[PDB]
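What follows is query_28.cif (mmCIF, C-alpha atoms; chains and numbers go by the auth columns).
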data_start
loop_
_atom_site.group_PDB
_atom_site.id
_atom_site.type_symbol
_atom_site.label_atom_id
_atom_site.label_comp_id
_atom_site.label_asym_id
_atom_site.label_seq_id
_atom_site.Cartn_x
_atom_site.Cartn_y
_atom_site.Cartn_z
_atom_site.B_iso_or_equiv
_atom_site.auth_seq_id
_atom_site.auth_asym_id
ATOM 1 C CA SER A 1 12.165 112.592 -98.785 0.00 2 A
ATOM 2 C CA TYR A 2 9.944 111.130 -101.500 0.00 3 A
ATOM 3 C CA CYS A 3 12.801 111.280 -104.031 0.00 4 A
ATOM 4 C CA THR A 4 16.596 111.276 -103.906 0.00 5 A
ATOM 5 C CA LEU A 5 19.475 112.413 -106.100 0.00 6 A
ATOM 6 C CA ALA A 6 19.628 108.903 -107.555 0.00 7 A
ATOM 7 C CA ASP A 7 15.987 109.177 -108.627 0.00 8 A
ATOM 8 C CA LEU A 8 16.592 112.554 -110.272 0.00 9 A
ATOM 9 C CA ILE A 9 19.638 111.243 -112.137 0.00 10 A
ATOM 10 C CA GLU A 10 17.736 108.156 -113.280 0.00 11 A
ATOM 11 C CA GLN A 11 14.723 110.153 -114.479 0.00 12 A
ATOM 12 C CA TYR A 12 16.578 113.060 -116.133 0.00 13 A
ATOM 13 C CA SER A 13 20.091 111.668 -116.720 0.00 14 A
ATOM 14 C CA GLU A 14 23.121 112.873 -114.756 0.00 15 A
ATOM 15 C CA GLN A 15 24.131 115.425 -117.414 0.00 16 A
ATOM 16 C CA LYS A 16 20.941 117.476 -117.087 0.00 17 A
ATOM 17 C CA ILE A 17 21.081 117.440 -113.284 0.00 18 A
ATOM 18 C CA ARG A 18 24.696 118.603 -113.463 0.00 19 A
ATOM 19 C CA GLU A 19 23.793 121.365 -115.923 0.00 20 A
ATOM 20 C CA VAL A 20 20.837 122.691 -113.902 0.00 21 A
ATOM 21 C CA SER A 21 22.518 122.239 -110.492 0.00 22 A
ATOM 22 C CA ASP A 22 26.060 123.604 -110.975 0.00 23 A
ATOM 23 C CA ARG A 23 25.735 127.394 -110.909 0.00 24 A
ATOM 24 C CA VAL A 24 29.323 128.470 -110.139 0.00 25 A
ATOM 25 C CA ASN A 25 31.308 126.554 -112.786 0.00 26 A
ATOM 26 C CA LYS A 26 30.831 127.189 -116.513 0.00 27 A
ATOM 27 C CA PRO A 27 30.796 124.558 -117.979 0.00 28 A
ATOM 28 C CA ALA A 28 29.362 122.517 -115.099 0.00 29 A
ATOM 29 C CA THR A 29 31.550 119.841 -113.510 0.00 30 A
ATOM 30 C CA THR A 30 29.776 118.497 -110.404 0.00 31 A
ATOM 31 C CA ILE A 31 26.257 118.213 -109.013 0.00 32 A
ATOM 32 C CA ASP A 32 25.580 120.481 -106.038 0.00 33 A
ATOM 33 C CA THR A 33 23.987 118.290 -103.373 0.00 34 A
ATOM 34 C CA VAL A 34 22.684 121.221 -101.304 0.00 35 A
ATOM 35 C CA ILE A 35 20.702 122.711 -104.197 0.00 36 A
ATOM 36 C CA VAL A 36 19.205 119.331 -105.099 0.00 37 A
ATOM 37 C CA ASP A 37 18.308 118.729 -101.453 0.00 38 A
ATOM 38 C CA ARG A 38 16.532 122.084 -101.230 0.00 39 A
ATOM 39 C CA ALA A 39 14.617 121.450 -104.459 0.00 40 A
ATOM 40 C CA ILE A 40 13.512 118.015 -103.246 0.00 41 A
ATOM 41 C CA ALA A 41 12.494 119.492 -99.893 0.00 42 A
ATOM 42 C CA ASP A 42 10.389 122.141 -101.636 0.00 43 A
ATOM 43 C CA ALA A 43 8.697 119.493 -103.777 0.00 44 A
ATOM 44 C CA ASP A 44 7.950 117.444 -100.658 0.00 45 A
ATOM 45 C CA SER A 45 6.558 120.526 -98.909 0.00 46 A
ATOM 46 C CA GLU A 46 4.188 121.236 -101.802 0.00 47 A
ATOM 47 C CA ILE A 47 3.081 117.600 -101.915 0.00 48 A
ATOM 48 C CA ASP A 48 2.417 117.642 -98.164 0.00 49 A
ATOM 49 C CA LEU A 49 0.418 120.842 -98.622 0.00 50 A
ATOM 50 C CA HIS A 50 -1.735 118.896 -101.066 0.00 51 A
ATOM 51 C CA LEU A 51 -1.945 115.666 -99.020 0.00 52 A
ATOM 52 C CA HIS A 52 -2.275 116.915 -95.429 0.00 53 A
ATOM 53 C CA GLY A 53 -6.072 116.663 -95.284 0.00 54 A
ATOM 54 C CA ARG A 54 -6.383 112.994 -96.301 0.00 55 A
ATOM 55 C CA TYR A 55 -3.281 111.175 -94.994 0.00 56 A
ATOM 56 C CA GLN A 56 -0.786 111.397 -92.156 0.00 57 A
ATOM 57 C CA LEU A 57 2.109 113.776 -92.777 0.00 58 A
ATOM 58 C CA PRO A 58 5.192 111.750 -91.766 0.00 59 A
ATOM 59 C CA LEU A 59 4.528 108.917 -94.202 0.00 60 A
ATOM 60 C CA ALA A 60 6.502 105.812 -93.273 0.00 61 A
ATOM 61 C CA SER A 61 6.594 104.734 -96.939 0.00 62 A
ATOM 62 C CA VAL A 62 6.737 106.544 -100.282 0.00 63 A
ATOM 63 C CA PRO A 63 4.195 105.474 -102.943 0.00 64 A
ATOM 64 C CA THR A 64 5.644 105.197 -106.437 0.00 65 A
ATOM 65 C CA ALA A 65 3.349 107.849 -107.915 0.00 66 A
ATOM 66 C CA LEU A 66 4.557 110.096 -105.105 0.00 67 A
ATOM 67 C CA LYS A 67 8.138 109.415 -106.210 0.00 68 A
ATOM 68 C CA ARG A 68 7.367 110.418 -109.798 0.00 69 A
ATOM 69 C CA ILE A 69 5.537 113.571 -108.684 0.00 70 A
ATOM 70 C CA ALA A 70 8.358 114.559 -106.333 0.00 71 A
ATOM 71 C CA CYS A 71 10.997 114.019 -109.021 0.00 72 A
ATOM 72 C CA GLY A 72 9.095 116.164 -111.502 0.00 73 A
ATOM 73 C CA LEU A 73 8.479 118.991 -109.047 0.00 74 A
ATOM 74 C CA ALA A 74 12.091 118.904 -107.847 0.00 75 A
ATOM 75 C CA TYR A 75 13.400 119.165 -111.403 0.00 76 A
ATOM 76 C CA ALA A 76 11.019 122.049 -112.093 0.00 77 A
ATOM 77 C CA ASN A 77 12.318 123.773 -108.949 0.00 78 A
ATOM 78 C CA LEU A 78 15.952 123.528 -110.103 0.00 79 A
ATOM 79 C CA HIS A 79 15.254 126.078 -112.866 0.00 80 A
ATOM 80 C CA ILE A 80 15.941 129.648 -111.745 0.00 81 A
ATOM 81 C CA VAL A 81 13.822 131.027 -114.607 0.00 82 A
ATOM 82 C CA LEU A 82 10.936 128.929 -115.941 0.00 83 A
ATOM 83 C CA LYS A 83 8.701 130.251 -118.706 0.00 84 A
ATOM 84 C CA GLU A 84 5.106 129.212 -119.336 0.00 85 A
ATOM 85 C CA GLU A 85 5.712 127.259 -122.557 0.00 86 A
ATOM 86 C CA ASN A 86 8.735 125.365 -121.222 0.00 87 A
ATOM 87 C CA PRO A 87 7.802 121.648 -121.384 0.00 88 A
ATOM 88 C CA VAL A 88 9.180 121.100 -117.872 0.00 89 A
ATOM 89 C CA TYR A 89 6.643 123.658 -116.655 0.00 90 A
ATOM 90 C CA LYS A 90 3.874 121.728 -118.415 0.00 91 A
ATOM 91 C CA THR A 91 5.002 118.494 -116.757 0.00 92 A
ATOM 92 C CA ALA A 92 4.974 120.243 -113.382 0.00 93 A
ATOM 93 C CA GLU A 93 1.448 121.504 -114.083 0.00 94 A
ATOM 94 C CA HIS A 94 0.272 117.997 -114.979 0.00 95 A
ATOM 95 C CA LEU A 95 1.769 116.608 -111.768 0.00 96 A
ATOM 96 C CA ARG A 96 0.094 119.374 -109.758 0.00 97 A
ATOM 97 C CA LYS A 97 -3.179 118.432 -111.456 0.00 98 A
ATOM 98 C CA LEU A 98 -2.631 114.838 -110.332 0.00 99 A
ATOM 99 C CA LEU A 99 -2.006 116.059 -106.781 0.00 100 A
ATOM 100 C CA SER A 100 -5.162 118.184 -106.813 0.00 101 A
ATOM 101 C CA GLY A 101 -7.165 115.226 -108.091 0.00 102 A
ATOM 102 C CA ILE A 102 -5.811 113.133 -105.226 0.00 103 A
ATOM 103 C CA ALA A 103 -6.705 115.832 -102.695 0.00 104 A
ATOM 104 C CA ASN A 104 -10.274 116.190 -104.005 0.00 105 A
ATOM 105 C CA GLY A 105 -10.867 112.453 -103.623 0.00 106 A
ATOM 106 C CA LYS A 106 -10.921 111.650 -107.344 0.00 107 A
ATOM 107 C CA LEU A 107 -7.668 109.654 -107.285 0.00 108 A
ATOM 108 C CA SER A 108 -6.429 107.252 -104.619 0.00 109 A
ATOM 109 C CA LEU A 109 -2.895 107.151 -103.257 0.00 110 A
ATOM 110 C CA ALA A 110 -1.565 103.842 -104.533 0.00 111 A
ATOM 111 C CA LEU A 111 0.339 101.053 -102.805 0.00 112 A
ATOM 112 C CA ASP A 112 3.766 101.879 -101.393 0.00 113 A
ATOM 113 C CA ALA A 113 5.416 98.479 -101.879 0.00 114 A
ATOM 114 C CA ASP A 114 2.731 95.991 -100.803 0.00 115 A
ATOM 115 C CA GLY A 115 0.495 97.740 -98.230 0.00 116 A
ATOM 116 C CA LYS A 116 -1.955 100.612 -98.341 0.00 117 A
ATOM 117 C CA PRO A 117 -1.195 104.178 -97.226 0.00 118 A
ATOM 118 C CA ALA A 118 -2.522 105.490 -93.887 0.00 119 A
ATOM 119 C CA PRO A 119 -5.605 107.704 -94.326 0.00 120 A
ATOM 120 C CA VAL A 120 -6.419 110.224 -91.611 0.00 121 A
ATOM 121 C CA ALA A 121 -9.411 109.789 -89.277 0.00 122 A
ATOM 122 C CA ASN A 122 -11.305 112.776 -90.703 0.00 123 A
ATOM 123 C CA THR A 123 -14.292 110.725 -91.905 0.00 124 A
ATOM 124 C CA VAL A 124 -14.365 108.448 -88.852 0.00 125 A
ATOM 125 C CA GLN A 125 -15.880 110.995 -86.482 0.00 126 A
ATOM 126 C CA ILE A 126 -19.428 110.379 -85.290 0.00 127 A
ATOM 127 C CA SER A 127 -21.034 111.628 -82.085 0.00 128 A
ATOM 128 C CA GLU A 128 -21.072 108.359 -80.109 0.00 129 A
ATOM 129 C CA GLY A 129 -24.508 106.790 -80.475 0.00 130 A
ATOM 130 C CA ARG A 130 -27.068 106.650 -77.670 0.00 131 A
ATOM 131 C CA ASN A 131 -29.032 103.408 -78.011 0.00 132 A
ATOM 132 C CA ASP A 132 -30.077 102.379 -74.535 0.00 133 A
ATOM 133 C CA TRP A 133 -33.138 100.095 -74.469 0.00 134 A
ATOM 134 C CA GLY A 134 -31.480 98.095 -77.262 0.00 135 A
ATOM 135 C CA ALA A 135 -28.825 96.116 -75.382 0.00 136 A
ATOM 136 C CA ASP A 136 -30.718 92.852 -74.750 0.00 137 A
ATOM 137 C CA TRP A 137 -31.907 93.760 -71.263 0.00 138 A
ATOM 138 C CA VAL B 1 -40.444 76.303 -28.618 0.00 5 B
ATOM 139 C CA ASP B 2 -41.543 78.210 -31.716 0.00 6 B
ATOM 140 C CA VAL B 3 -44.086 77.152 -34.333 0.00 7 B
ATOM 141 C CA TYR B 4 -41.317 75.686 -36.512 0.00 8 B
ATOM 142 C CA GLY B 5 -40.112 73.520 -33.610 0.00 9 B
ATOM 143 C CA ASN B 6 -36.669 75.082 -33.268 0.00 10 B
ATOM 144 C CA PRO B 7 -35.458 74.973 -29.639 0.00 11 B
ATOM 145 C CA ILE B 8 -36.001 78.245 -27.783 0.00 12 B
ATOM 146 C CA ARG B 9 -33.523 79.525 -25.189 0.00 13 B
ATOM 147 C CA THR B 10 -34.518 82.516 -23.062 0.00 14 B
ATOM 148 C CA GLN B 11 -30.873 83.487 -22.488 0.00 15 B
ATOM 149 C CA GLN B 12 -30.505 85.039 -25.951 0.00 16 B
ATOM 150 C CA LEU B 13 -33.632 87.211 -25.569 0.00 17 B
ATOM 151 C CA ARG B 14 -31.901 89.747 -23.307 0.00 18 B
ATOM 152 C CA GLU B 15 -30.003 91.369 -26.195 0.00 19 B
ATOM 153 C CA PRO B 16 -30.907 91.931 -29.854 0.00 20 B
ATOM 154 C CA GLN B 17 -29.142 89.705 -32.356 0.00 21 B
ATOM 155 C CA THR B 18 -27.769 92.681 -34.309 0.00 22 B
ATOM 156 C CA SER B 19 -26.296 94.347 -31.206 0.00 23 B
ATOM 157 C CA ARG B 20 -22.998 92.517 -31.791 0.00 24 B
ATOM 158 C CA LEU B 21 -22.964 93.807 -35.410 0.00 25 B
ATOM 159 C CA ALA B 22 -22.334 97.508 -34.788 0.00 26 B
ATOM 160 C CA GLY B 23 -20.967 97.731 -38.336 0.00 27 B
ATOM 161 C CA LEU B 24 -24.436 97.503 -39.877 0.00 28 B
ATOM 162 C CA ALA B 25 -25.831 100.550 -38.064 0.00 29 B
ATOM 163 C CA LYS B 26 -23.137 102.802 -39.589 0.00 30 B
ATOM 164 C CA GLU B 27 -23.905 102.022 -43.245 0.00 31 B
ATOM 165 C CA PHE B 28 -25.444 104.434 -45.750 0.00 32 B
ATOM 166 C CA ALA B 29 -27.564 103.593 -48.784 0.00 33 B
ATOM 167 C CA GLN B 30 -25.688 103.625 -52.095 0.00 34 B
ATOM 168 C CA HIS B 31 -28.618 104.997 -54.140 0.00 35 B
ATOM 169 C CA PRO B 32 -28.329 102.702 -57.196 0.00 36 B
ATOM 170 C CA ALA B 33 -31.274 104.388 -58.949 0.00 37 B
ATOM 171 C CA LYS B 34 -29.212 107.406 -60.027 0.00 38 B
ATOM 172 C CA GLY B 35 -27.745 106.826 -63.474 0.00 39 B
ATOM 173 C CA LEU B 36 -29.767 103.639 -63.985 0.00 40 B
ATOM 174 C CA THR B 37 -29.965 102.034 -67.433 0.00 41 B
ATOM 175 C CA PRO B 38 -31.891 98.935 -68.564 0.00 42 B
ATOM 176 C CA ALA B 39 -28.670 96.899 -68.573 0.00 43 B
ATOM 177 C CA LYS B 40 -27.870 98.024 -65.027 0.00 44 B
ATOM 178 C CA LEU B 41 -31.397 97.151 -63.892 0.00 45 B
ATOM 179 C CA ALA B 42 -31.166 93.698 -65.473 0.00 46 B
ATOM 180 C CA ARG B 43 -27.815 93.087 -63.781 0.00 47 B
ATOM 181 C CA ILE B 44 -29.225 94.237 -60.434 0.00 48 B
ATOM 182 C CA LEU B 45 -32.199 91.885 -60.703 0.00 49 B
ATOM 183 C CA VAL B 46 -30.071 88.923 -61.809 0.00 50 B
ATOM 184 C CA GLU B 47 -27.573 89.483 -58.993 0.00 51 B
ATOM 185 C CA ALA B 48 -30.445 89.711 -56.511 0.00 52 B
ATOM 186 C CA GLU B 49 -31.666 86.343 -57.787 0.00 53 B
ATOM 187 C CA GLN B 50 -28.285 84.939 -56.698 0.00 54 B
ATOM 188 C CA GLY B 51 -28.350 86.252 -53.108 0.00 55 B
ATOM 189 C CA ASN B 52 -27.177 89.885 -53.400 0.00 56 B
ATOM 190 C CA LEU B 53 -30.267 91.597 -52.009 0.00 57 B
ATOM 191 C CA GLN B 54 -28.497 94.788 -50.876 0.00 58 B
ATOM 192 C CA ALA B 55 -28.511 96.467 -54.289 0.00 59 B
ATOM 193 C CA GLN B 56 -32.075 95.336 -54.978 0.00 60 B
ATOM 194 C CA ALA B 57 -33.309 96.696 -51.643 0.00 61 B
ATOM 195 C CA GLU B 58 -31.608 100.058 -52.164 0.00 62 B
ATOM 196 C CA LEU B 59 -32.968 100.279 -55.713 0.00 63 B
ATOM 197 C CA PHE B 60 -36.471 99.522 -54.440 0.00 64 B
ATOM 198 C CA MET B 61 -36.171 102.249 -51.802 0.00 65 B
ATOM 199 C CA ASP B 62 -35.050 104.762 -54.432 0.00 66 B
ATOM 200 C CA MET B 63 -37.865 103.662 -56.744 0.00 67 B
ATOM 201 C CA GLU B 64 -40.396 104.195 -53.960 0.00 68 B
ATOM 202 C CA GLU B 65 -39.004 107.647 -53.193 0.00 69 B
ATOM 203 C CA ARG B 66 -38.579 108.968 -56.753 0.00 70 B
ATOM 204 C CA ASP B 67 -41.981 107.983 -58.226 0.00 71 B
ATOM 205 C CA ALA B 68 -44.969 109.938 -56.936 0.00 72 B
ATOM 206 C CA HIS B 69 -47.629 107.781 -58.607 0.00 73 B
ATOM 207 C CA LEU B 70 -46.141 104.502 -57.377 0.00 74 B
ATOM 208 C CA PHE B 71 -45.656 105.928 -53.886 0.00 75 B
ATOM 209 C CA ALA B 72 -49.259 107.145 -53.764 0.00 76 B
ATOM 210 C CA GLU B 73 -50.584 103.756 -54.885 0.00 77 B
ATOM 211 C CA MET B 74 -48.510 101.843 -52.329 0.00 78 B
ATOM 212 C CA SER B 75 -49.418 104.256 -49.528 0.00 79 B
ATOM 213 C CA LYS B 76 -53.122 103.969 -50.350 0.00 80 B
ATOM 214 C CA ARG B 77 -52.902 100.173 -50.421 0.00 81 B
ATOM 215 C CA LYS B 78 -51.153 100.027 -47.044 0.00 82 B
ATOM 216 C CA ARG B 79 -53.426 102.609 -45.407 0.00 83 B
ATOM 217 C CA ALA B 80 -56.345 100.429 -46.488 0.00 84 B
ATOM 218 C CA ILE B 81 -55.049 97.714 -44.150 0.00 85 B
ATOM 219 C CA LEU B 82 -53.968 100.114 -41.407 0.00 86 B
ATOM 220 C CA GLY B 83 -57.584 101.249 -40.984 0.00 87 B
ATOM 221 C CA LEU B 84 -59.105 97.804 -40.387 0.00 88 B
ATOM 222 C CA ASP B 85 -60.396 96.815 -36.967 0.00 89 B
ATOM 223 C CA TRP B 86 -58.913 93.591 -35.616 0.00 90 B
ATOM 224 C CA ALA B 87 -59.672 91.044 -32.917 0.00 91 B
ATOM 225 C CA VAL B 88 -58.140 87.906 -31.416 0.00 92 B
ATOM 226 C CA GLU B 89 -60.363 84.834 -31.505 0.00 93 B
ATOM 227 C CA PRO B 90 -59.915 81.474 -29.748 0.00 94 B
ATOM 228 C CA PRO B 91 -59.464 78.294 -31.809 0.00 95 B
ATOM 229 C CA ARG B 92 -62.329 76.152 -33.084 0.00 96 B
ATOM 230 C CA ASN B 93 -64.640 75.094 -30.227 0.00 97 B
ATOM 231 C CA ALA B 94 -62.094 76.287 -27.687 0.00 98 B
ATOM 232 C CA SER B 95 -62.239 75.396 -23.999 0.00 99 B
ATOM 233 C CA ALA B 96 -62.412 77.753 -21.021 0.00 100 B
ATOM 234 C CA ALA B 97 -58.631 77.809 -20.574 0.00 101 B
ATOM 235 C CA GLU B 98 -58.135 78.544 -24.276 0.00 102 B
ATOM 236 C CA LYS B 99 -60.755 81.297 -24.124 0.00 103 B
ATOM 237 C CA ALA B 100 -58.946 82.842 -21.151 0.00 104 B
ATOM 238 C CA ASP B 101 -55.627 82.670 -23.011 0.00 105 B
ATOM 239 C CA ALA B 102 -57.163 84.356 -26.057 0.00 106 B
#

Can the structure in the file be given as structure tokens, please?
Amino acid sequence: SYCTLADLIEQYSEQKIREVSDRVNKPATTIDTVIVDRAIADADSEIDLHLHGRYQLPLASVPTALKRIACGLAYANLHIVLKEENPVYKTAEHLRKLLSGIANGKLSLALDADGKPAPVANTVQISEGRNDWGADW
Amino acid sequence: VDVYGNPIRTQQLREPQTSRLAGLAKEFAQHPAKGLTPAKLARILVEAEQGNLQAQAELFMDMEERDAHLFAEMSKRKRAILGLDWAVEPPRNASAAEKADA
């Protein structure tokens, strides 16, 4: 859960979330929590797809850039039909580009609140090191 | 008495000293040469310096057994002595009794 309904409302205003989330009432009246939850879950799943090879999956903290990316992807997911030239689609593409840059080691995952994220041990591995005759015998 | 002057008692000569130590005769060598590294060898030598000669003795036995060149050299050196003729001589300007004892 890198973003919440509060984050979506704050980033896109409550009116737009209501309009793109209420599918049964015309005009919209309330925000459907289930739809928003599914959209946020899908955004988190995509982000994990991008970040699985460099960091641990169950992150204990959410970096701020991760919050922005999740909010953007979740909003893009709340559109049933999304055309290519829709600006929301372009924002989603830019965020996906940021994610790909992070995955390819060109961008670093920033601070969460004060501490660093937790990189995986992929680079750590070395055989073991056999150096007998060099132990001050 | 002996050469060192320690009192000698003929009572203790009837049985070997180690007879009352039947535990020793049942022991088996631990073979410390297998899996030996320079650190292990240094520890073995240092411990031997401090009075733990068991590990050092077993290591020496393994070393003798596992090296053909060293074993050949030691065997040749010892066989050199084993082939020497020997004799018992009386002390300097010994007397008739000393000559008979010799």

Spatial neighbours of residue 111 (chain A), max dist 8 Å, all atoms listed in the file, sep filter under 4 positions, as a list in words: residues 64, 65, 66, 117 and 118 of chain A

Two-atom distance - CA of residue 61 (chain A), CA of residue 108 (chain A) (Å): 20.3 Å

Picked residues, the PyMOL selection byres ((chain A and resi 60) around 10), expected as a list in words: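 With the PyMOL selection byres ((chain A and resi 60) around 10) on this model, the match is residues 2, 3, 49, 56, 57, 58, 59, 61, 62, 63, 64, 118 and 119 of chain A.
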
Output C-alpha atoms of each residue in that selection to a file, as a PDB file, keeping the file's coordinate frame.
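Final output, again_28.pdb:
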ATOM      1  CA  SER A   2      12.165 112.592 -98.785  1.00  0.00           C
ATOM      2  CA  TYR A   3       9.944 111.130-101.500  1.00  0.00           C
ATOM      3  CA  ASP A  49       2.417 117.642 -98.164  1.00  0.00           C
ATOM      4  CA  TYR A  56      -3.281 111.175 -94.994  1.00  0.00           C
ATOM      5  CA  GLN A  57      -0.786 111.397 -92.156  1.00  0.00           C
ATOM      6  CA  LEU A  58       2.109 113.776 -92.777  1.00  0.00           C
ATOM      7  CA  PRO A  59       5.192 111.750 -91.766  1.00  0.00           C
ATOM      8  CA  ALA A  61       6.502 105.812 -93.273  1.00  0.00           C
ATOM      9  CA  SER A  62       6.594 104.734 -96.939  1.00  0.00           C
ATOM     10  CA  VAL A  63       6.737 106.544-100.282  1.00  0.00           C
ATOM     11  CA  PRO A  64       4.195 105.474-102.943  1.00  0.00           C
ATOM     12  CA  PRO A 118      -1.195 104.178 -97.226  1.00  0.00           C
ATOM     13  CA  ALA A 119      -2.522 105.490 -93.887  1.00  0.00           C
TER      14      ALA A 119
END

Any chance you could tabulate, as JSON lines, the residues of chain A at most 9 Å from chain B with each one's nearest atom pair and distance in Å to one decimal, using all atoms listed in the file, in chain and rising number order?
{"residue": "A:133", "atom": "CA", "partner": "B:41", "partner_atom": "CA", "distance": 7.1}
{"residue": "A:134", "atom": "CA", "partner": "B:42", "partner_atom": "CA", "distance": 6.1}
{"residue": "A:135", "atom": "CA", "partner": "B:42", "partner_atom": "CA", "distance": 8.7}
{"residue": "A:136", "atom": "CA", "partner": "B:43", "partner_atom": "CA", "distance": 6.9}
{"residue": "A:137", "atom": "CA", "partner": "B:43", "partner_atom": "CA", "distance": 7.7}
{"residue": "A:138", "atom": "CA", "partner": "B:43", "partner_atom": "CA", "distance": 5.3}

Residues within 12 Å of residue 99 (chain A), all atoms listed in the file, excluding chain neighbours under 3 positions, as a VMD selection string: chain A and resid 48 51 to 52 66 to 67 69 to 71 73 to 74 92 to 96 102 to 110

I need the residues from that last selection saved to file as a PDB file, keeping the file's coordinate frame (with C-alpha atoms), if you can.
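Saved result, part.pdb, follows:
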ATOM      1  CA  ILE A  48       3.081 117.600-101.915  1.00  0.00           C
ATOM      2  CA  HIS A  51      -1.735 118.896-101.066  1.00  0.00           C
ATOM      3  CA  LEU A  52      -1.945 115.666 -99.020  1.00  0.00           C
ATOM      4  CA  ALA A  66       3.349 107.849-107.915  1.00  0.00           C
ATOM      5  CA  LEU A  67       4.557 110.096-105.105  1.00  0.00           C
ATOM      6  CA  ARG A  69       7.367 110.418-109.798  1.00  0.00           C
ATOM      7  CA  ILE A  70       5.537 113.571-108.684  1.00  0.00           C
ATOM      8  CA  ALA A  71       8.358 114.559-106.333  1.00  0.00           C
ATOM      9  CA  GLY A  73       9.095 116.164-111.502  1.00  0.00           C
ATOM     10  CA  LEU A  74       8.479 118.991-109.047  1.00  0.00           C
ATOM     11  CA  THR A  92       5.002 118.494-116.757  1.00  0.00           C
ATOM     12  CA  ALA A  93       4.974 120.243-113.382  1.00  0.00           C
ATOM     13  CA  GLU A  94       1.448 121.504-114.083  1.00  0.00           C
ATOM     14  CA  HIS A  95       0.272 117.997-114.979  1.00  0.00           C
ATOM     15  CA  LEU A  96       1.769 116.608-111.768  1.00  0.00           C
ATOM     16  CA  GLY A 102      -7.165 115.226-108.091  1.00  0.00           C
ATOM     17  CA  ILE A 103      -5.811 113.133-105.226  1.00  0.00           C
ATOM     18  CA  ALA A 104      -6.705 115.832-102.695  1.00  0.00           C
ATOM     19  CA  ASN A 105     -10.274 116.190-104.005  1.00  0.00           C
ATOM     20  CA  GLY A 106     -10.867 112.453-103.623  1.00  0.00           C
ATOM     21  CA  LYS A 107     -10.921 111.650-107.344  1.00  0.00           C
ATOM     22  CA  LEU A 108      -7.668 109.654-107.285  1.00  0.00           C
ATOM     23  CA  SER A 109      -6.429 107.252-104.619  1.00  0.00           C
ATOM     24  CA  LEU A 110      -2.895 107.151-103.257  1.00  0.00           C
TER      25      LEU A 110
END

Selection result for the PyMOL selection byres ((chain A and resi 78) around 12) on this file, as JSON, numbers by chain: {"A": [18, 21, 22, 36, 37, 38, 39, 40, 41, 42, 43, 44, 45, 47, 71, 72, 73, 74, 75, 76, 77, 79, 80, 81, 82, 83, 89, 90, 92, 93]}

Only C-alpha atoms, please: the residues just picked out, written as a PDB file, in the frame of the given file.
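The file below, out_12.pdb, is the result:
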ATOM      1  CA  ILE A  18      21.081 117.440-113.284  1.00  0.00           C
ATOM      2  CA  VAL A  21      20.837 122.691-113.902  1.00  0.00           C
ATOM      3  CA  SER A  22      22.518 122.239-110.492  1.00  0.00           C
ATOM      4  CA  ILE A  36      20.702 122.711-104.197  1.00  0.00           C
ATOM      5  CA  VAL A  37      19.205 119.331-105.099  1.00  0.00           C
ATOM      6  CA  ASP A  38      18.308 118.729-101.453  1.00  0.00           C
ATOM      7  CA  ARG A  39      16.532 122.084-101.230  1.00  0.00           C
ATOM      8  CA  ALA A  40      14.617 121.450-104.459  1.00  0.00           C
ATOM      9  CA  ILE A  41      13.512 118.015-103.246  1.00  0.00           C
ATOM     10  CA  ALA A  42      12.494 119.492 -99.893  1.00  0.00           C
ATOM     11  CA  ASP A  43      10.389 122.141-101.636  1.00  0.00           C
ATOM     12  CA  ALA A  44       8.697 119.493-103.777  1.00  0.00           C
ATOM     13  CA  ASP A  45       7.950 117.444-100.658  1.00  0.00           C
ATOM     14  CA  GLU A  47       4.188 121.236-101.802  1.00  0.00           C
ATOM     15  CA  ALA A  71       8.358 114.559-106.333  1.00  0.00           C
ATOM     16  CA  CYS A  72      10.997 114.019-109.021  1.00  0.00           C
ATOM     17  CA  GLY A  73       9.095 116.164-111.502  1.00  0.00           C
ATOM     18  CA  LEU A  74       8.479 118.991-109.047  1.00  0.00           C
ATOM     19  CA  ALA A  75      12.091 118.904-107.847  1.00  0.00           C
ATOM     20  CA  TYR A  76      13.400 119.165-111.403  1.00  0.00           C
ATOM     21  CA  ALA A  77      11.019 122.049-112.093  1.00  0.00           C
ATOM     22  CA  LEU A  79      15.952 123.528-110.103  1.00  0.00           C
ATOM     23  CA  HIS A  80      15.254 126.078-112.866  1.00  0.00           C
ATOM     24  CA  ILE A  81      15.941 129.648-111.745  1.00  0.00           C
ATOM     25  CA  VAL A  82      13.822 131.027-114.607  1.00  0.00           C
ATOM     26  CA  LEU A  83      10.936 128.929-115.941  1.00  0.00           C
ATOM     27  CA  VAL A  89       9.180 121.100-117.872  1.00  0.00           C
ATOM     28  CA  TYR A  90       6.643 123.658-116.655  1.00  0.00           C
ATOM     29  CA  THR A  92       5.002 118.494-116.757  1.00  0.00           C
ATOM     30  CA  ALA A  93       4.974 120.243-113.382  1.00  0.00           C
TER      31      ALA A  93
END

Report as a CSV table (one decimal) with C-alpha atoms, in the coordinates of the input the residues that result from applying the PyMOL selection byres ((chain A and resi 123-131) around 8) to the structure here.
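Result went into selection_11.csv, see below:
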chain,number,residue,atom,x,y,z
A,54,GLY,CA,-6.1,116.7,-95.3
A,55,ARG,CA,-6.4,113.0,-96.3
A,121,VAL,CA,-6.4,110.2,-91.6
A,122,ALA,CA,-9.4,109.8,-89.3
A,132,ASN,CA,-29.0,103.4,-78.0
A,133,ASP,CA,-30.1,102.4,-74.5

Long-range neighbours of residue 49 (chain B) as a list in words, 9 Å cut-off, only C-alpha atoms, 5 positions minimum in chain: residues 44, 54, 57, 59 and 60 of chain B

Show which residues sit within 7 Å of residue 63 (chain B), as a short mmCIF file (atom, residue, chain, number, x, y, z; two decimals) with C-alpha atoms, in the frame of the given file. Count all atoms listed in the file, and ignore same-chain residues fewer than 2 positions away.
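This is the output file around-v2.cif:
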data_model
loop_
_atom_site.label_atom_id
_atom_site.label_comp_id
_atom_site.auth_asym_id
_atom_site.auth_seq_id
_atom_site.Cartn_x
_atom_site.Cartn_y
_atom_site.Cartn_z
CA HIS B 35 -28.62 105.00 -54.14
CA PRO B 36 -28.33 102.70 -57.20
CA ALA B 37 -31.27 104.39 -58.95
CA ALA B 59 -28.51 96.47 -54.29
CA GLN B 60 -32.08 95.34 -54.98
CA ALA B 61 -33.31 96.70 -51.64
CA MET B 65 -36.17 102.25 -51.80
CA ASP B 66 -35.05 104.76 -54.43
CA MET B 67 -37.86 103.66 -56.74
#
